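Asker: Provided herewith is a single structure, encoded as structure tokens, for subsequent inquiry.
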Amino acid sequence: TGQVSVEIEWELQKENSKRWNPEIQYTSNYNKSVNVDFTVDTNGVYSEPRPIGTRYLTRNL
Amino acid sequence: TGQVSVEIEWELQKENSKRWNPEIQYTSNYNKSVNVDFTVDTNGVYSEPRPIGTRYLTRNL
Amino acid sequence: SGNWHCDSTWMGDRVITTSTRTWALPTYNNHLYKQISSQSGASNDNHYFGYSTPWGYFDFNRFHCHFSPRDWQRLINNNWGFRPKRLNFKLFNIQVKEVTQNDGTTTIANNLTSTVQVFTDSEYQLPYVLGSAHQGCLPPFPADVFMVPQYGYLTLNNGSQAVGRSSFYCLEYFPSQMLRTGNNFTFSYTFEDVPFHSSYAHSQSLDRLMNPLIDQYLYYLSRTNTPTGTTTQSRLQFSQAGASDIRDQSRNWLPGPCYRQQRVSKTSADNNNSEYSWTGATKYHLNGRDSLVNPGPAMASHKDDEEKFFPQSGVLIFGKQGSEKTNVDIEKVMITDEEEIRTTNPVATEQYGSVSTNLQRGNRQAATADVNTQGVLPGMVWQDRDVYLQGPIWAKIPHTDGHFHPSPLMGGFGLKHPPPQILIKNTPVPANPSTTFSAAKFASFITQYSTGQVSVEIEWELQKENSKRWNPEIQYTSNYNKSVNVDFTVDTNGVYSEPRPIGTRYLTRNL
Amino acid sequence: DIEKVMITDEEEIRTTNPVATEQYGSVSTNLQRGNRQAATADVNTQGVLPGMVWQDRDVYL
Amino acid sequence: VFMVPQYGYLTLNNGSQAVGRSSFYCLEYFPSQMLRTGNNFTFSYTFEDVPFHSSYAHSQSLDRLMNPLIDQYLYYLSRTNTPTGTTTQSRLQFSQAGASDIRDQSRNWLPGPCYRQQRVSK
Amino acid sequence: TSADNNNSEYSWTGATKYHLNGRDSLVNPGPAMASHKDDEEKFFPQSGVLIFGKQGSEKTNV
Amino acid sequence: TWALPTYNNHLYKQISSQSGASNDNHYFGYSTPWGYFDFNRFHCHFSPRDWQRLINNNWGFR
Amino acid sequence: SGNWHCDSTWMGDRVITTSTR
């Protein structure tokens with residue numbers, strides 16, 4: 001057994017968008033349920049509620 | 001009559017948050033209505049749907 | 001303030017052009033944005049959701065703005081290919097006019113220092129309106145003065161409903177330079193390196209490319225039965241490709257891709273007695289909305305003998321001068337026709353060929369089917385559409401990852417960064433304001449409009465003709481007509497006209 | 001059974017790429033004449049052709 | 001804490017039969033560095049230049065890309081019969097692409113390639 | 001094997017082709033692709049496969 | 001933290017299909033003792049927060 | 001006489017705004 005350290009250096013492109021009206025963002029909300037997302041259950045078993053796509057922001061064509 | 005140019009230089013403090021699970025963000029969404037927010041009506045009269053508070057992000061106490 | 005420039009000078013490799021016109025800008029929608037949508041006339045394929053703005057923009061995308069028929073003729077004969085390099089742009093001589101009608105008397109009083117504002121964007125941050133070949137080019141003939149077109153754009157929607165994905169813009173949000181009488185505006189632009197256009201048509205067709213005399217060494221299956229057996233048929237036999245058999249001779253490269261079209265005769269007697277055209281009408285669609293296929297992939301219109309038939313859709317149909325806006329009969333409009341691409345690309349009306357179907361056996365007779373559509377396949381070559389004259393120049397590649405060989409389908413130069421648009425607007429000047437405060441938006445205004453001159457200059461780059469051919473060429477020549485009616489010239493009352501379109505493929509290169 | 005598994009779904013590419021279930025369109029077939037009525041057929045498959053653009057799939061998480 | 005997966009690979013074959021083209025490997029045949037407790041291992045790698053991924057979705061559909069107000073100058077075949085003839089039908093007529101007709105308006109670029117799939121309801 | 005091949009006449013019955021200007025050009029060696037599966041080995045494509053002649057081959061009907 | 005067992009008691013093996021009569025399903029391959037750890041997926045590298053923070057503010061990345 | 005400015009630029013720590021009416 002042992003430990004492994006993986007490190008990646010990403011490169012980005014920042015958002016220059018000039019749009020007026022508000023955007024669409026990704027937000028986890030609106031649920032008052034006792035069950036919390038992305039967090040252990042009472043007994044420690046992790047879970048993922050739903051997949052997350054990458055297309056949210058907007059550019060004109 | 002004439003024109004007036006007002007310019008302000010803000011200073012910020014960036015987000016260092018270490019939190020794991022996803023956040024809450026402000027997002028205009030979920031409405032399929034023909035009526036678009038923050039945009040002129042058919043006859044050109046602007047409108048604001050709802051106020052927007054400043055407290056969204058999260059810090060531990 | 002500036003010196004009128006309309007002229008062209010020949011440097012050899014490069015040739016410069018310049019033209020200048022007079023423009024007049026009204027004020028649109030009384031200085032307020034609007035939401036515009038379809039009337040909801042129950043046609044689901046036809047709906048739109050968009051915004052009209054006061055901003056004007058003048059947009060030159062067409063040749064005849066830049067080139068005079070003479071210079072066109074002189075360039076089109078002597079050059080293999082050409083592309084732009086830079087361009088320069090200058091406004092000057094701006095002035096403003098205010099119309100006011102006291103009772104019925106219409107009066108125009110000049111004014112000073114009332115400002116016009118202008119901005120371009122080199123950052124390509126706005127919806128890009130040009131490229132759909134809208135009318136409103138700088139007039140062909142320099143004498144006339146033209147109005148500047150209103151702006152506007154569409155957005156995602158469903159019927160009248162607009163999605164939450166839809167966007168919006170406020171154009172004032174950009175740093176517009178301000179102009180006042182006695183001030184002029186310039187900016188220098190540069191075109192990115194792009195392959196030359198092709199001005200030539202090849203002298204030899206693909207299938208016929210070979211040596212007549214020498215037989216190639218490959219064989220091919222000759223005849224199945226020796227004759228007989230017949231039930232035992234006969235063993236296979238083999239012959240060699242030779243001068244007598246052109247079809248069986250073997251070829252490296254495959255003609256370009258195809259798509260079927262419908263054949264419409266000019267003669268009404270031959271055309272289908274019943275109703276067609278949207279019966280009909282090859283189409284594609286998005287989101288359950290079928291979009292009739294407008295000029296499509298390049299291909300040849302007709303074979304040699306017919307000349308009467310023409311494709312129902314792809315061929316560009318221009319109107320003549322003084323043409324009607326609706327329900328005009330053919331004799332008033334010009335049909336462009338391409339017979340020069342027969343050397344490679346397929347005929348439009350015809351099928352692409354036949355293809356094997358069943359896997360034969362003794363009792364199983366061979367079956368084939370006409371192939372109605374063919375995509376790109378390795379080892380294929382094809383020719384791009386002609387640019388004509390009144391046709392468009394450049395179009396913008398939609399900024400996306402997916403691309404294949406970005407050649408626009410109206411013909412032209414696909415640019416990654418087209419010449420930026422220029423937008424122009426009057427500054428709203430308020431009417432007499434109310435004495436006491438009013439919470440109202442104050443919708444009163446003073447009516448006016450402006451005018452000035454615009455100088456557009458492009459520096460082309462050429463490729464000269466090295467052709468070694470012996471016998472005489474084919475050139476473009478206006479001739480043989482003794483008629484009193486002269487081409488490319490005003491009528492007796494001063495209305496300009498264009499007799500026929502002018503294609504770019506005249507000269508010749510071997511394949 | 002389905003209720004235990006997540007289905008990813010892309011409605012965001014409607015702007016360019018075709019709908020999966022639907023045909024690509026209709027295409028001319030016969031070469032018409034006075035007695036010959038026009039015929040077409042739904043095109044079931046289309047390869048790449050000049051002047052085409054398309055969008056790449058999402059990467060999810 | 002997780003277990004490391006076993007290795008393995010496939011090769012050309014027919015059914016149970018393997019061709020003579022099939023290959024084989026003995027992994028010990030490579031210069032493996034050796035590690036003993038108290039030793040660590042590093043290597044630096046570099047990615048080759050590759051186009052950015054696209055995180056965005058466009059705000060306007062292809063078919064709807066145009067100007068609403070201005071009519072383009074091309075025409076299109078309007079209606080075959082003027083009405084009538086009917087047997088003589090009628091000569092072809094022509095109209096212009098306009099705000100009222102979006103479908104007939106002309107476009108430069110064609111939507112991407114397709115392949116059919118089957119529709120299953122939930 | 002002539003016994004398995006179609007008793008009747010084929011090959012230009014037949015013969016997948018393309019054309020230009022109303023002249024159908026039989027497709028000679030075309031896009032690359034595999035000729036046969038493992039078991040057959042008897043079957044071969046009718047066109048794409050290059051057919052060379054041996055030494056001293058006949059010019060016609062060999 | 002990773003833990004590595006020992007596979008097949010240190011010996012290569014030929015593995016093939018059971019020949020369960022489905023011709024489309026067959027394979028011929030070799031199992032080895034070698035282990036390999038393979039990270040190809042995002043959630044190894046990105047935490048849902050950082051994912052959220054990147055996905056909103058950036059056009060593209062490599 | 002002046003050049004219309006309505007726009008915002010992001011310097012990181014500081015962000016500038018301008019508007020005109």
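Ordering of the structure tokens sets the chain letters (A, B, ...); residue numbers start at 1 within each chain; ligands are numbered from 1 in the order shown.
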Where does chain A end up after superposition onto chain B over all in-order Cα pairs? Give it as a short mmCIF file (atom, residue, chain, number, x, y, z; two decimals) with C-alpha atoms, in the first residue's frame.
Answerer:
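What ended up in superposed-v5.cif:
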data_model
loop_
_atom_site.label_atom_id
_atom_site.label_comp_id
_atom_site.auth_asym_id
_atom_site.auth_seq_id
_atom_site.Cartn_x
_atom_site.Cartn_y
_atom_site.Cartn_z
CA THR A 1 -29.35 69.72 -22.40
CA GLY A 2 -26.14 67.73 -22.42
CA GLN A 3 -24.41 64.54 -21.37
CA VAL A 4 -22.92 63.42 -18.08
CA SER A 5 -20.24 60.77 -17.54
CA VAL A 6 -19.97 59.20 -14.11
CA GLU A 7 -17.15 56.80 -13.37
CA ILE A 8 -16.42 54.87 -10.19
CA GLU A 9 -13.50 52.60 -9.37
CA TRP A 10 -14.55 49.81 -7.03
CA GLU A 11 -12.30 47.64 -4.92
CA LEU A 12 -13.13 44.00 -4.23
CA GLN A 13 -12.29 41.04 -2.04
CA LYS A 14 -12.15 37.72 -3.86
CA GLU A 15 -13.67 34.46 -2.69
CA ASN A 16 -11.26 32.08 -0.94
CA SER A 17 -14.02 29.67 0.17
CA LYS A 18 -12.90 26.08 0.83
CA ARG A 19 -16.40 24.59 1.01
CA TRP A 20 -17.01 21.15 -0.51
CA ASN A 21 -20.60 20.79 -1.62
CA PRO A 22 -22.07 23.08 -4.29
CA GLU A 23 -23.18 26.60 -3.47
CA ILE A 24 -26.26 28.70 -3.91
CA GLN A 25 -26.06 31.16 -6.79
CA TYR A 26 -28.47 33.72 -8.17
CA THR A 27 -30.11 32.43 -11.33
CA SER A 28 -33.03 33.55 -13.45
CA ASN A 29 -34.54 30.35 -14.80
CA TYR A 30 -37.40 27.80 -14.66
CA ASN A 31 -39.90 30.16 -16.35
CA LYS A 32 -41.00 29.25 -19.87
CA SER A 33 -43.26 32.30 -20.02
CA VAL A 34 -43.38 34.56 -23.07
CA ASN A 35 -42.62 37.45 -20.72
CA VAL A 36 -38.89 38.01 -20.44
CA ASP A 37 -37.34 39.64 -17.39
CA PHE A 38 -35.19 42.76 -17.43
CA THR A 39 -36.15 43.57 -20.98
CA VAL A 40 -38.47 45.87 -22.86
CA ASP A 41 -42.04 44.93 -23.47
CA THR A 42 -43.35 44.87 -27.01
CA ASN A 43 -43.91 48.65 -26.81
CA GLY A 44 -40.58 49.50 -25.19
CA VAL A 45 -41.36 49.92 -21.49
CA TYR A 46 -38.61 48.48 -19.28
CA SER A 47 -39.38 46.53 -16.11
CA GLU A 48 -37.84 44.84 -13.08
CA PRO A 49 -39.38 41.53 -11.91
CA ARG A 50 -38.14 41.36 -8.31
CA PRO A 51 -35.50 42.95 -6.08
CA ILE A 52 -32.11 41.32 -5.74
CA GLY A 53 -30.48 40.94 -2.34
CA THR A 54 -26.74 40.76 -1.84
CA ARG A 55 -26.47 37.74 0.49
CA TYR A 56 -26.02 34.50 -1.44
CA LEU A 57 -22.58 33.11 -0.69
CA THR A 58 -21.66 31.53 2.59
CA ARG A 59 -19.04 31.77 5.30
CA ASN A 60 -18.84 29.85 8.53
CA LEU A 61 -19.50 32.00 11.55
#
Asker: Using only C-alpha atoms, determine which residues lie at most 10 Å from region 36-53 of chain F, disregarding the query and same-chain residues fewer than 5 positions distant; provide the list as a list in words.
Answerer: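 The neighbour list is residues 217, 218, 219, 220, 221, 238, 239, 240, 248 and 250 of chain C; 14 of chain E; 1, 4, 5, 11, 15, 16, 26, 27, 28, 29, 30, 31, 58, 59 and 62 of chain F.
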Asker: Those selected residues, please, written with N, CA and C atoms and delivered as a PDB file, in the first residue's frame.
Answerer:
ATOM      1  N   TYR C 217      -2.423  -1.605 -67.799  1.00  0.00           N
ATOM      2  CA  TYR C 217      -2.122  -3.020 -67.639  1.00  0.00           C
ATOM      3  C   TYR C 217      -3.116  -3.767 -66.761  1.00  0.00           C
ATOM      4  N   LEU C 218      -4.029  -3.078 -66.088  1.00  0.00           N
ATOM      5  CA  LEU C 218      -5.029  -3.790 -65.303  1.00  0.00           C
ATOM      6  C   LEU C 218      -6.033  -4.472 -66.216  1.00  0.00           C
ATOM      7  N   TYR C 219      -6.666  -5.515 -65.709  1.00  0.00           N
ATOM      8  CA  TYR C 219      -7.771  -6.120 -66.428  1.00  0.00           C
ATOM      9  C   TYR C 219      -9.096  -5.815 -65.751  1.00  0.00           C
ATOM     10  N   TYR C 220     -10.152  -6.384 -66.312  1.00  0.00           N
ATOM     11  CA  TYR C 220     -11.482  -6.305 -65.745  1.00  0.00           C
ATOM     12  C   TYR C 220     -12.271  -7.504 -66.234  1.00  0.00           C
ATOM     13  N   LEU C 221     -13.326  -7.837 -65.502  1.00  0.00           N
ATOM     14  CA  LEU C 221     -14.153  -8.961 -65.904  1.00  0.00           C
ATOM     15  C   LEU C 221     -14.838  -8.653 -67.228  1.00  0.00           C
ATOM     16  N   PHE C 238     -11.626 -12.481 -69.059  1.00  0.00           N
ATOM     17  CA  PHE C 238     -11.012 -11.212 -68.711  1.00  0.00           C
ATOM     18  C   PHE C 238     -10.469 -10.481 -69.927  1.00  0.00           C
ATOM     19  N   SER C 239     -10.664  -9.168 -69.916  1.00  0.00           N
ATOM     20  CA  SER C 239     -10.182  -8.309 -70.982  1.00  0.00           C
ATOM     21  C   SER C 239      -9.473  -7.123 -70.360  1.00  0.00           C
ATOM     22  N   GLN C 240      -8.786  -6.365 -71.203  1.00  0.00           N
ATOM     23  CA  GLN C 240      -7.987  -5.249 -70.730  1.00  0.00           C
ATOM     24  C   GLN C 240      -8.600  -3.920 -71.143  1.00  0.00           C
ATOM     25  N   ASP C 248     -14.526   1.276 -68.723  1.00  0.00           N
ATOM     26  CA  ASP C 248     -13.937   0.269 -67.851  1.00  0.00           C
ATOM     27  C   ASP C 248     -12.563   0.695 -67.374  1.00  0.00           C
ATOM     28  N   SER C 250      -9.582   2.609 -65.524  1.00  0.00           N
ATOM     29  CA  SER C 250      -9.585   2.823 -64.087  1.00  0.00           C
ATOM     30  C   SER C 250      -9.062   4.206 -63.724  1.00  0.00           C
TER      31      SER C 250
ATOM     32  N   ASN E  14     -10.746 -15.634 -33.891  1.00  0.00           N
ATOM     33  CA  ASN E  14     -12.029 -16.079 -34.416  1.00  0.00           C
ATOM     34  C   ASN E  14     -12.608 -17.093 -33.444  1.00  0.00           C
TER      35      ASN E  14
ATOM     36  N   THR F   1     -16.193 -20.201 -58.213  1.00  0.00           N
ATOM     37  CA  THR F   1     -16.898 -21.370 -58.716  1.00  0.00           C
ATOM     38  C   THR F   1     -18.067 -20.946 -59.590  1.00  0.00           C
ATOM     39  N   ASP F   4     -21.720 -21.831 -58.337  1.00  0.00           N
ATOM     40  CA  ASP F   4     -22.390 -20.988 -57.355  1.00  0.00           C
ATOM     41  C   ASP F   4     -22.795 -19.650 -57.952  1.00  0.00           C
ATOM     42  N   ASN F   5     -22.012 -19.136 -58.894  1.00  0.00           N
ATOM     43  CA  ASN F   5     -22.314 -17.837 -59.470  1.00  0.00           C
ATOM     44  C   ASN F   5     -23.636 -17.883 -60.222  1.00  0.00           C
ATOM     45  N   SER F  11     -23.054  -8.460 -64.372  1.00  0.00           N
ATOM     46  CA  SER F  11     -21.871  -7.677 -64.736  1.00  0.00           C
ATOM     47  C   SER F  11     -22.199  -6.694 -65.851  1.00  0.00           C
ATOM     48  N   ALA F  15     -23.219  -4.161 -61.897  1.00  0.00           N
ATOM     49  CA  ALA F  15     -22.107  -3.220 -61.995  1.00  0.00           C
ATOM     50  C   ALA F  15     -22.363  -1.842 -61.392  1.00  0.00           C
ATOM     51  N   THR F  16     -22.248  -1.705 -60.073  1.00  0.00           N
ATOM     52  CA  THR F  16     -22.380  -0.392 -59.449  1.00  0.00           C
ATOM     53  C   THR F  16     -21.521   0.651 -60.159  1.00  0.00           C
ATOM     54  N   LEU F  26     -18.222   2.964 -64.901  1.00  0.00           N
ATOM     55  CA  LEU F  26     -18.146   1.843 -63.983  1.00  0.00           C
ATOM     56  C   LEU F  26     -17.100   2.122 -62.920  1.00  0.00           C
ATOM     57  N   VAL F  27     -17.410   1.754 -61.684  1.00  0.00           N
ATOM     58  CA  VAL F  27     -16.515   2.121 -60.602  1.00  0.00           C
ATOM     59  C   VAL F  27     -15.353   1.145 -60.604  1.00  0.00           C
ATOM     60  N   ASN F  28     -14.176   1.668 -60.892  1.00  0.00           N
ATOM     61  CA  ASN F  28     -12.960   0.884 -60.844  1.00  0.00           C
ATOM     62  C   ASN F  28     -12.443   0.929 -59.411  1.00  0.00           C
ATOM     63  N   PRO F  29     -11.207   0.443 -59.111  1.00  0.00           N
ATOM     64  CA  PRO F  29     -10.856   0.295 -57.692  1.00  0.00           C
ATOM     65  C   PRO F  29     -11.162   1.538 -56.892  1.00  0.00           C
ATOM     66  N   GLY F  30     -11.977   1.340 -55.869  1.00  0.00           N
ATOM     67  CA  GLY F  30     -12.671   2.415 -55.207  1.00  0.00           C
ATOM     68  C   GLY F  30     -12.105   2.703 -53.838  1.00  0.00           C
ATOM     69  N   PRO F  31     -12.965   3.166 -52.937  1.00  0.00           N
ATOM     70  CA  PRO F  31     -12.560   3.317 -51.542  1.00  0.00           C
ATOM     71  C   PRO F  31     -12.031   2.001 -50.998  1.00  0.00           C
ATOM     72  N   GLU F  58      -2.804 -12.890 -72.185  1.00  0.00           N
ATOM     73  CA  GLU F  58      -3.499 -12.508 -73.405  1.00  0.00           C
ATOM     74  C   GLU F  58      -3.999 -11.070 -73.312  1.00  0.00           C
ATOM     75  N   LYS F  59      -4.175 -10.441 -74.475  1.00  0.00           N
ATOM     76  CA  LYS F  59      -4.677  -9.073 -74.493  1.00  0.00           C
ATOM     77  C   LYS F  59      -6.191  -9.020 -74.330  1.00  0.00           C
ATOM     78  N   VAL F  62      -9.109 -13.458 -71.870  1.00  0.00           N
ATOM     79  CA  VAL F  62      -8.273 -14.455 -71.225  1.00  0.00           C
ATOM     80  C   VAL F  62      -8.998 -14.999 -70.003  1.00  0.00           C
TER      81      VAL F  62
END
Asker: Calculated over only C-alpha atoms, which of the candidates G:17, G:52, G:25, G:58 has the smallest distance to chain D?
Answerer: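 The closest residue to chain D is G:52.
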Asker: Give me the residues near region 212-215 of chain C as a ChimeraX atom specification, where near means some atom within 9 Å (using only C-alpha atoms) and where sequence neighbours in that chain fewer than 4 positions away do not count.
Answerer: /C:240-243,249
Asker: Now that the selection is made, can you save its residues with N, CA, C and O atoms as a PDB file, in the first residue's frame?
Answerer:
ATOM      1  N   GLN C 240      -8.786  -6.365 -71.203  1.00  0.00           N
ATOM      2  CA  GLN C 240      -7.987  -5.249 -70.730  1.00  0.00           C
ATOM      3  C   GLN C 240      -8.600  -3.920 -71.143  1.00  0.00           C
ATOM      4  O   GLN C 240      -9.155  -3.779 -72.235  1.00  0.00           O
ATOM      5  N   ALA C 241      -8.492  -2.939 -70.251  1.00  0.00           N
ATOM      6  CA  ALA C 241      -8.935  -1.587 -70.559  1.00  0.00           C
ATOM      7  C   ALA C 241      -8.150  -1.034 -71.735  1.00  0.00           C
ATOM      8  O   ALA C 241      -6.917  -1.066 -71.742  1.00  0.00           O
ATOM      9  N   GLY C 242      -8.866  -0.499 -72.723  1.00  0.00           N
ATOM     10  CA  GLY C 242      -8.255  -0.090 -73.964  1.00  0.00           C
ATOM     11  C   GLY C 242      -8.950   1.123 -74.553  1.00  0.00           C
ATOM     12  O   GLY C 242      -9.968   1.596 -74.045  1.00  0.00           O
ATOM     13  N   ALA C 243      -8.357   1.626 -75.637  1.00  0.00           N
ATOM     14  CA  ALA C 243      -8.914   2.783 -76.325  1.00  0.00           C
ATOM     15  C   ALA C 243     -10.393   2.602 -76.634  1.00  0.00           C
ATOM     16  O   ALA C 243     -11.166   3.561 -76.543  1.00  0.00           O
ATOM     17  N   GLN C 249     -11.987   1.696 -68.018  1.00  0.00           N
ATOM     18  CA  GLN C 249     -10.661   2.141 -67.636  1.00  0.00           C
ATOM     19  C   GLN C 249     -10.695   2.736 -66.237  1.00  0.00           C
ATOM     20  O   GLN C 249     -11.701   3.307 -65.814  1.00  0.00           O
TER      21      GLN C 249
END
Asker: Near chain G, which residues of chain E fall within 9 Å when you count only C-alpha atoms, and what do they look like as a ChimeraX atom specification?
Answerer: /E:1-18,24,26-27,49-56
Asker: I'd like the neighbourhood of residue 87 (chain E) as a PyMOL selection string, where a residue qualifies if any of its atoms comes within 9 Å (using only C-alpha atoms), though same-chain residues fewer than 3 positions away should be ignored.
Answerer: (chain C and resi 269+273-274) or (chain E and resi 84+90)
Asker: If the cut-off is 6 Å, can you tell me the residues of chain C near chain E, counting only C-alpha atoms? I'd like them as a ChimeraX atom specification.
Answerer: /C:46,133-135,153,155-156,268,273,291-292,294,317-318,326-329,408-409
Asker: Next, the residues of the selection above should be written as a PDB file, in the first residue's frame with C-alpha atoms.
Answerer:
ATOM      1  CA  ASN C  46     -42.784  30.687 -39.421  1.00  0.00           C
ATOM      2  CA  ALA C 133     -27.450  39.148 -48.440  1.00  0.00           C
ATOM      3  CA  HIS C 134     -30.003  41.774 -47.525  1.00  0.00           C
ATOM      4  CA  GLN C 135     -30.698  44.640 -49.890  1.00  0.00           C
ATOM      5  CA  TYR C 153     -31.827  40.701 -34.698  1.00  0.00           C
ATOM      6  CA  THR C 155     -33.190  35.068 -30.842  1.00  0.00           C
ATOM      7  CA  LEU C 156     -34.201  31.582 -29.722  1.00  0.00           C
ATOM      8  CA  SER C 268     -45.396  25.103 -68.902  1.00  0.00           C
ATOM      9  CA  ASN C 273     -49.936  19.605 -65.015  1.00  0.00           C
ATOM     10  CA  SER C 291     -36.488  24.708 -43.817  1.00  0.00           C
ATOM     11  CA  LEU C 292     -36.677  24.546 -47.588  1.00  0.00           C
ATOM     12  CA  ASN C 294     -32.040  27.287 -50.529  1.00  0.00           C
ATOM     13  CA  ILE C 317     -32.839  33.778 -59.132  1.00  0.00           C
ATOM     14  CA  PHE C 318     -32.141  37.500 -59.296  1.00  0.00           C
ATOM     15  CA  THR C 326     -44.397  39.839 -55.230  1.00  0.00           C
ATOM     16  CA  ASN C 327     -45.896  37.409 -57.762  1.00  0.00           C
ATOM     17  CA  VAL C 328     -43.712  38.537 -60.637  1.00  0.00           C
ATOM     18  CA  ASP C 329     -43.517  36.393 -63.750  1.00  0.00           C
ATOM     19  CA  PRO C 408     -19.998  29.670 -47.796  1.00  0.00           C
ATOM     20  CA  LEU C 409     -22.787  28.395 -49.989  1.00  0.00           C
TER      21      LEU C 409
END
Asker: Just give me the gap between CA of residue 511 (chain C) and CA of residue 393 (chain C) in Å, one decimal is fine.
Answerer: 26.2 Å
Asker: Taking the chain letters and numbering used in this document, name the residues of chain G that DSSP puts in strand (DSSP E), as a PyMOL selection string.
Answerer: chain G and resi 2-3+13-16+28-35+58-61
Asker: Take the residues just selected and output them with N, CA and C atoms as a PDB file, in the first residue's frame.
Answerer:
ATOM      1  N   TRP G   2      -3.828   3.653  -1.685  1.00  0.00           N
ATOM      2  CA  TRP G   2      -4.073   2.534  -2.574  1.00  0.00           C
ATOM      3  C   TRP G   2      -3.498   1.250  -2.012  1.00  0.00           C
ATOM      4  N   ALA G   3      -4.121   0.136  -2.379  1.00  0.00           N
ATOM      5  CA  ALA G   3      -3.718  -1.173  -1.873  1.00  0.00           C
ATOM      6  C   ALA G   3      -3.687  -2.137  -3.051  1.00  0.00           C
ATOM      7  N   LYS G  13      -1.880 -15.855 -18.012  1.00  0.00           N
ATOM      8  CA  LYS G  13      -2.913 -16.809 -18.373  1.00  0.00           C
ATOM      9  C   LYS G  13      -3.467 -16.463 -19.738  1.00  0.00           C
ATOM     10  N   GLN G  14      -3.849 -17.488 -20.479  1.00  0.00           N
ATOM     11  CA  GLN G  14      -4.686 -17.282 -21.644  1.00  0.00           C
ATOM     12  C   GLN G  14      -6.145 -17.328 -21.238  1.00  0.00           C
ATOM     13  N   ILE G  15      -6.887 -16.293 -21.604  1.00  0.00           N
ATOM     14  CA  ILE G  15      -8.314 -16.253 -21.335  1.00  0.00           C
ATOM     15  C   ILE G  15      -9.043 -16.066 -22.650  1.00  0.00           C
ATOM     16  N   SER G  16     -10.134 -16.800 -22.801  1.00  0.00           N
ATOM     17  CA  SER G  16     -10.937 -16.719 -24.006  1.00  0.00           C
ATOM     18  C   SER G  16     -12.398 -16.782 -23.605  1.00  0.00           C
ATOM     19  N   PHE G  28     -10.245 -13.289 -27.141  1.00  0.00           N
ATOM     20  CA  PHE G  28      -9.003 -14.000 -26.917  1.00  0.00           C
ATOM     21  C   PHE G  28      -8.010 -13.030 -26.307  1.00  0.00           C
ATOM     22  N   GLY G  29      -7.571 -13.312 -25.090  1.00  0.00           N
ATOM     23  CA  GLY G  29      -6.786 -12.322 -24.392  1.00  0.00           C
ATOM     24  C   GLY G  29      -5.972 -12.930 -23.279  1.00  0.00           C
ATOM     25  N   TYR G  30      -5.210 -12.068 -22.625  1.00  0.00           N
ATOM     26  CA  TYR G  30      -4.247 -12.478 -21.622  1.00  0.00           C
ATOM     27  C   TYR G  30      -4.401 -11.645 -20.365  1.00  0.00           C
ATOM     28  N   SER G  31      -4.506 -12.327 -19.237  1.00  0.00           N
ATOM     29  CA  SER G  31      -4.533 -11.702 -17.927  1.00  0.00           C
ATOM     30  C   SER G  31      -3.135 -11.761 -17.345  1.00  0.00           C
ATOM     31  N   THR G  32      -2.710 -10.692 -16.696  1.00  0.00           N
ATOM     32  CA  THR G  32      -1.362 -10.610 -16.165  1.00  0.00           C
ATOM     33  C   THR G  32      -1.427 -10.210 -14.709  1.00  0.00           C
ATOM     34  N   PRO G  33      -0.364 -10.453 -13.950  1.00  0.00           N
ATOM     35  CA  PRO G  33      -0.338  -9.977 -12.569  1.00  0.00           C
ATOM     36  C   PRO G  33      -0.227  -8.478 -12.442  1.00  0.00           C
ATOM     37  N   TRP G  34       0.199  -7.780 -13.483  1.00  0.00           N
ATOM     38  CA  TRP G  34       0.492  -6.367 -13.334  1.00  0.00           C
ATOM     39  C   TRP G  34      -0.742  -5.576 -12.946  1.00  0.00           C
ATOM     40  N   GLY G  35      -0.568  -4.709 -11.965  1.00  0.00           N
ATOM     41  CA  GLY G  35      -1.581  -3.727 -11.675  1.00  0.00           C
ATOM     42  C   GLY G  35      -1.274  -2.408 -12.337  1.00  0.00           C
ATOM     43  N   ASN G  58     -15.905  30.464 -17.151  1.00  0.00           N
ATOM     44  CA  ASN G  58     -14.898  30.253 -18.176  1.00  0.00           C
ATOM     45  C   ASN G  58     -15.510  29.805 -19.485  1.00  0.00           C
ATOM     46  N   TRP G  59     -14.995  30.348 -20.582  1.00  0.00           N
ATOM     47  CA  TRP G  59     -15.429  29.878 -21.885  1.00  0.00           C
ATOM     48  C   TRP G  59     -14.835  28.520 -22.208  1.00  0.00           C
ATOM     49  N   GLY G  60     -13.532  28.354 -22.033  1.00  0.00           N
ATOM     50  CA  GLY G  60     -12.904  27.097 -22.400  1.00  0.00           C
ATOM     51  C   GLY G  60     -11.627  26.879 -21.625  1.00  0.00           C
ATOM     52  N   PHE G  61     -11.197  25.621 -21.612  1.00  0.00           N
ATOM     53  CA  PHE G  61     -10.045  25.246 -20.814  1.00  0.00           C
ATOM     54  C   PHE G  61      -9.414  23.985 -21.371  1.00  0.00           C
TER      55      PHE G  61
END
